[PDB]
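upload_27.cif (mmCIF, C-alpha atoms) appears below.
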```cif
data_structure
loop_
_atom_site.label_atom_id
_atom_site.label_comp_id
_atom_site.auth_asym_id
_atom_site.auth_seq_id
_atom_site.Cartn_x
_atom_site.Cartn_y
_atom_site.Cartn_z
CA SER J 1 13.92 16.82 -3.12
CA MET J 2 11.12 19.16 -4.22
CA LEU J 3 11.70 18.21 -7.90
CA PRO J 4 9.72 15.24 -9.22
CA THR J 5 11.58 13.83 -12.21
CA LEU J 6 8.97 13.28 -14.94
CA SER J 7 6.49 15.94 -13.73
CA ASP J 8 7.45 19.28 -15.27
CA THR J 9 10.92 18.91 -16.85
CA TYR J 10 10.36 20.44 -20.29
CA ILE J 11 13.85 20.93 -21.83
CA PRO J 12 12.77 22.31 -25.28
CA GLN J 13 14.13 19.88 -27.85
CA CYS J 14 14.87 20.66 -31.50
CA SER J 15 15.87 18.10 -34.07
CA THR J 16 18.63 19.90 -35.97
CA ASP J 17 20.68 23.12 -36.07
CA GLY J 18 18.01 25.80 -36.24
CA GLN J 19 14.49 24.40 -36.59
CA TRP J 20 12.28 23.45 -33.65
CA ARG J 21 11.34 19.77 -33.60
CA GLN J 22 7.70 19.33 -34.58
CA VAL J 23 6.84 17.34 -31.43
CA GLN J 24 7.74 18.70 -27.97
CA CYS J 25 7.71 16.28 -25.04
CA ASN J 26 7.60 16.75 -21.26
CA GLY J 27 10.20 14.36 -19.89
CA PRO J 28 13.62 14.56 -18.25
CA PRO J 29 16.68 14.63 -20.54
CA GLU J 30 17.98 11.26 -21.74
CA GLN J 31 21.36 12.08 -20.14
CA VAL J 32 19.63 11.90 -16.73
CA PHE J 33 18.23 8.49 -17.71
CA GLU J 34 21.73 7.32 -18.71
CA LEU J 35 23.10 8.59 -15.38
CA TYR J 36 20.35 6.65 -13.58
CA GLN J 37 21.27 3.55 -15.62
CA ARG J 38 24.93 3.89 -14.60
CA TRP J 39 23.95 4.46 -10.95
CA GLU J 40 21.75 1.35 -10.98
CA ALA J 41 24.54 -0.56 -12.77
CA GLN J 42 26.91 0.28 -9.91
CA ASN J 43 24.71 -1.46 -7.32
CA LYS J 44 21.15 -2.79 -7.28
CA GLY J 45 18.39 -1.51 -5.01
CA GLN J 46 18.79 2.05 -6.30
CA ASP J 47 15.58 4.04 -6.75
CA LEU J 48 14.64 7.64 -7.53
CA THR J 49 14.49 9.03 -3.98
CA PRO J 50 17.79 7.43 -2.76
CA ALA J 51 19.34 8.91 -5.91
CA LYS J 52 18.03 12.33 -4.82
CA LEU J 53 19.55 11.77 -1.37
CA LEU J 54 22.85 10.54 -2.86
CA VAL J 55 23.13 13.64 -5.04
CA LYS J 56 22.18 15.75 -2.01
CA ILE J 57 24.96 13.98 -0.06
CA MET J 58 28.55 14.10 -1.51
CA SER J 59 27.99 17.78 -2.42
CA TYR J 60 29.66 19.40 0.61
CA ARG J 61 33.16 20.28 -0.64
CA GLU J 62 33.75 21.50 -4.18
CA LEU J 63 37.68 19.08 -6.06
CA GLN J 64 38.36 16.97 -2.94
CA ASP J 65 35.88 14.39 -4.25
CA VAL J 66 34.81 11.02 -2.86
CA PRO J 67 35.66 7.33 -3.55
CA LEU J 68 33.32 4.29 -3.73
CA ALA J 69 31.70 5.25 -7.06
CA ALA J 70 33.38 4.74 -10.44
CA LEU J 71 31.70 6.33 -13.46
CA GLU J 72 34.36 7.62 -15.88
CA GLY J 73 37.68 6.74 -14.29
CA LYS J 74 38.80 3.27 -15.38
CA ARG J 75 41.96 3.59 -13.24
CA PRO J 76 40.94 2.98 -9.60
CA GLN J 77 43.28 5.14 -7.52
CA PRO J 78 42.49 7.67 -4.75
CA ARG J 79 45.29 10.00 -5.97
CA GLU J 80 44.31 11.07 -9.50
CA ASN J 81 44.46 14.78 -10.41
CA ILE J 82 43.76 15.72 -14.05
CA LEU J 83 42.37 19.00 -15.44
CA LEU J 84 38.70 19.04 -16.41
CA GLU J 85 37.91 19.68 -20.07
CA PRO J 86 34.67 19.25 -22.07
CA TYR J 87 34.63 17.02 -25.14
CA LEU J 88 32.50 17.53 -28.26
CA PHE J 89 29.35 15.34 -28.53
CA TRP J 90 29.28 13.48 -25.23
CA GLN J 91 27.14 13.33 -22.10
CA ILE J 92 28.69 15.37 -19.28
CA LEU J 93 29.94 13.05 -16.52
CA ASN J 94 33.23 13.98 -14.84
CA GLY J 95 34.24 17.65 -14.98
CA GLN J 96 30.95 19.04 -13.70
CA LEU J 97 29.96 19.33 -10.06
CA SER J 98 26.41 20.70 -10.75
CA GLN J 99 26.24 22.70 -7.48
CA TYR J 100 27.50 25.88 -9.19
CA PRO J 101 26.02 28.04 -11.99
CA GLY J 102 27.51 28.50 -15.45
CA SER J 103 26.53 27.48 -18.98
CA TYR J 104 26.09 24.23 -20.90
CA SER J 105 28.72 23.44 -23.53
CA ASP J 106 28.90 22.12 -27.13
CA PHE J 107 25.05 22.30 -27.67
CA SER J 108 24.64 18.53 -28.00
CA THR J 109 20.91 18.53 -27.25
CA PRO J 110 19.36 16.94 -30.45
CA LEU J 111 19.17 13.28 -29.40
CA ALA J 112 16.45 10.63 -29.33
CA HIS J 113 14.06 10.06 -26.43
CA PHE J 114 11.90 7.57 -24.55
CA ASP J 115 8.15 7.04 -24.97
CA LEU J 116 6.59 7.71 -21.54
CA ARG J 117 6.32 11.50 -21.85
CA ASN J 118 3.60 14.08 -22.46
CA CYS J 119 4.20 15.10 -26.08
#
```

For the file at hand, write its structure as structure tokens.
Amino acid sequence: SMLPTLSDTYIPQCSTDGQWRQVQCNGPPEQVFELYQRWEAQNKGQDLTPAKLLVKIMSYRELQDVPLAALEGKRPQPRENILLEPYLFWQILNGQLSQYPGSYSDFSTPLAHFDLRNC
């Protein structure tokens, strides 16, 4: 866990299609904050460093995934096999595994932000 969250995550943000946003901040993406909100909503007592451990764990087989955490599936069943497909204008939750390289999809970066950043 050599990454501190709020320290040096830039993620250059621009307000619309082609023009750079006039103010550039130095915080993590708001999708990561929403993922942290969902993780805390699953069970209390969750902090930053156990979240780093929990993403370090459950990343051993890549999908042969794991139960005991519901985030996008509203049909609780251990036998559910559906193809992964990205949807326009949504936070990426299900189809990714994040252990493998590639490219981001749909270019849905221009969203709002928090306050506690170096801008």

I'd like to see the residues matched by the PyMOL selection byres ((chain J and resi 78) around 10) on this file, and ideally I'd get them as a list in words.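 Those residues are residues 65, 66, 67, 68, 75, 76, 77, 79, 80 and 81 of chain J.
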
May I have the residues from that selection written out with C-alpha atoms, as a PDB file, keeping the file's coordinate frame?
```pdb
ATOM      1  CA  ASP J  65      35.880  14.390  -4.250  1.00  0.00           C
ATOM      2  CA  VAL J  66      34.810  11.020  -2.860  1.00  0.00           C
ATOM      3  CA  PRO J  67      35.660   7.330  -3.550  1.00  0.00           C
ATOM      4  CA  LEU J  68      33.320   4.290  -3.730  1.00  0.00           C
ATOM      5  CA  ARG J  75      41.960   3.590 -13.240  1.00  0.00           C
ATOM      6  CA  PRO J  76      40.940   2.980  -9.600  1.00  0.00           C
ATOM      7  CA  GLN J  77      43.280   5.140  -7.520  1.00  0.00           C
ATOM      8  CA  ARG J  79      45.290  10.000  -5.970  1.00  0.00           C
ATOM      9  CA  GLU J  80      44.310  11.070  -9.500  1.00  0.00           C
ATOM     10  CA  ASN J  81      44.460  14.780 -10.410  1.00  0.00           C
TER      11      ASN J  81
END
```

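Candidate residues J:105, J:91, J:49, J:59 were compared for distance to residue J:1, and the nearest is J:49, using all atoms listed in the file.
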
Would you write out, as a short mmCIF file (atom, residue, chain, number, x, y, z; two decimals) with C-alpha atoms, in the frame of the given file, every residue that the PyMOL selection byres ((chain J and resi 84) around 6) captures in this file?
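New file result17.cif:
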```
data_model
loop_
_atom_site.label_atom_id
_atom_site.label_comp_id
_atom_site.auth_asym_id
_atom_site.auth_seq_id
_atom_site.Cartn_x
_atom_site.Cartn_y
_atom_site.Cartn_z
CA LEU J 83 42.37 19.00 -15.44
CA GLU J 85 37.91 19.68 -20.07
CA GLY J 95 34.24 17.65 -14.98
#
```

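Distances here use only C-alpha atoms; by that measure, the residue among J:11, J:3, J:71, J:57 closest to residue J:37 is J:71.
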
When the PyMOL selection byres ((chain J and resi 118) around 10) is applied to the file above, which residues end up in the set, as a ChimeraX atom specification? /J:6-8,10,24-27,115-117,119

Those selected residues, please, written with C-alpha atoms and delivered as a PDB file, in the coordinates of the input.
```pdb
ATOM      1  CA  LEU J   6       8.970  13.280 -14.940  1.00  0.00           C
ATOM      2  CA  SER J   7       6.490  15.940 -13.730  1.00  0.00           C
ATOM      3  CA  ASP J   8       7.450  19.280 -15.270  1.00  0.00           C
ATOM      4  CA  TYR J  10      10.360  20.440 -20.290  1.00  0.00           C
ATOM      5  CA  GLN J  24       7.740  18.700 -27.970  1.00  0.00           C
ATOM      6  CA  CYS J  25       7.710  16.280 -25.040  1.00  0.00           C
ATOM      7  CA  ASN J  26       7.600  16.750 -21.260  1.00  0.00           C
ATOM      8  CA  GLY J  27      10.200  14.360 -19.890  1.00  0.00           C
ATOM      9  CA  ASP J 115       8.150   7.040 -24.970  1.00  0.00           C
ATOM     10  CA  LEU J 116       6.590   7.710 -21.540  1.00  0.00           C
ATOM     11  CA  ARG J 117       6.320  11.500 -21.850  1.00  0.00           C
ATOM     12  CA  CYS J 119       4.200  15.100 -26.080  1.00  0.00           C
TER      13      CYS J 119
END
```

Report the centre and edge lengths, in Å to one decimal, of an axis-aligned box enclosing every atom of stretch 63-69 of chain J listed in the file, padded by 6 Å on each side, as AutoDock Vina command-line options.
```
--center_x 35.0 --center_y 11.7 --center_z -5.0 --size_x 18.7 --size_y 26.8 --size_z 16.2
```

Would you compute the distance between atom CA of residue J:18 and atom CA of residue J:97? Give it in Å to one decimal. 29.5 Å

Top pick for closest residue to residue J:107, considering J:50, J:9, J:74, J:17 and counting all atoms listed in the file: J:17

Output stretch 80-101 of chain J with N, CA and C atoms present, as a short mmCIF file (atom, residue, chain, number, x, y, z; two decimals), in the frame of the given file.
```
data_model
loop_
_atom_site.label_atom_id
_atom_site.label_comp_id
_atom_site.auth_asym_id
_atom_site.auth_seq_id
_atom_site.Cartn_x
_atom_site.Cartn_y
_atom_site.Cartn_z
N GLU J 80 44.37 10.82 -8.06
CA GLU J 80 44.31 11.07 -9.50
C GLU J 80 43.86 12.51 -9.72
N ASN J 81 44.76 13.36 -10.20
CA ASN J 81 44.46 14.78 -10.41
C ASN J 81 44.75 15.12 -11.86
N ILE J 82 43.69 15.35 -12.64
CA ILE J 82 43.76 15.72 -14.05
C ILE J 82 42.81 16.90 -14.26
N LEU J 83 43.21 17.85 -15.11
CA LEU J 83 42.37 19.00 -15.44
C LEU J 83 41.07 18.57 -16.11
N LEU J 84 40.00 19.31 -15.82
CA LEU J 84 38.70 19.04 -16.41
C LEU J 84 38.55 19.80 -17.72
N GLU J 85 38.03 19.11 -18.74
CA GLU J 85 37.91 19.68 -20.07
C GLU J 85 36.74 19.04 -20.81
N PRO J 86 35.84 19.83 -21.39
CA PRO J 86 34.67 19.25 -22.07
C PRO J 86 34.99 18.78 -23.48
N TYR J 87 34.38 17.66 -23.86
CA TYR J 87 34.63 17.02 -25.14
C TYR J 87 33.39 17.16 -26.02
N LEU J 88 33.60 17.35 -27.32
CA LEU J 88 32.50 17.53 -28.26
C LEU J 88 31.69 16.24 -28.40
N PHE J 89 30.36 16.40 -28.32
CA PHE J 89 29.35 15.34 -28.53
C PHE J 89 29.55 14.18 -27.55
N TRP J 90 29.30 14.50 -26.28
CA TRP J 90 29.28 13.48 -25.23
C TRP J 90 28.45 13.99 -24.06
N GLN J 91 27.79 13.06 -23.38
CA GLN J 91 27.14 13.33 -22.10
C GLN J 91 28.16 13.79 -21.06
N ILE J 92 27.78 14.80 -20.28
CA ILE J 92 28.69 15.37 -19.28
C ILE J 92 28.66 14.49 -18.04
N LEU J 93 29.82 13.95 -17.67
CA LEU J 93 29.94 13.05 -16.52
C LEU J 93 30.90 13.55 -15.45
N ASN J 94 32.14 13.89 -15.81
CA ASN J 94 33.23 13.98 -14.84
C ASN J 94 33.51 15.40 -14.37
N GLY J 95 33.75 16.33 -15.31
CA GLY J 95 34.24 17.65 -14.98
C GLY J 95 33.25 18.53 -14.25
N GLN J 96 31.96 18.26 -14.40
CA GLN J 96 30.95 19.04 -13.70
C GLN J 96 30.92 18.70 -12.21
N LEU J 97 30.36 19.62 -11.43
CA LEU J 97 29.96 19.33 -10.06
C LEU J 97 28.49 19.63 -9.80
N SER J 98 27.85 20.43 -10.66
CA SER J 98 26.41 20.70 -10.75
C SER J 98 25.86 21.51 -9.58
N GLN J 99 26.67 21.88 -8.59
CA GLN J 99 26.24 22.70 -7.48
C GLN J 99 26.43 24.19 -7.76
N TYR J 100 27.10 24.52 -8.87
CA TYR J 100 27.50 25.88 -9.19
C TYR J 100 26.91 26.30 -10.53
N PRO J 101 26.58 27.59 -10.70
CA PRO J 101 26.02 28.04 -11.99
C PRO J 101 27.05 28.10 -13.10
#
```
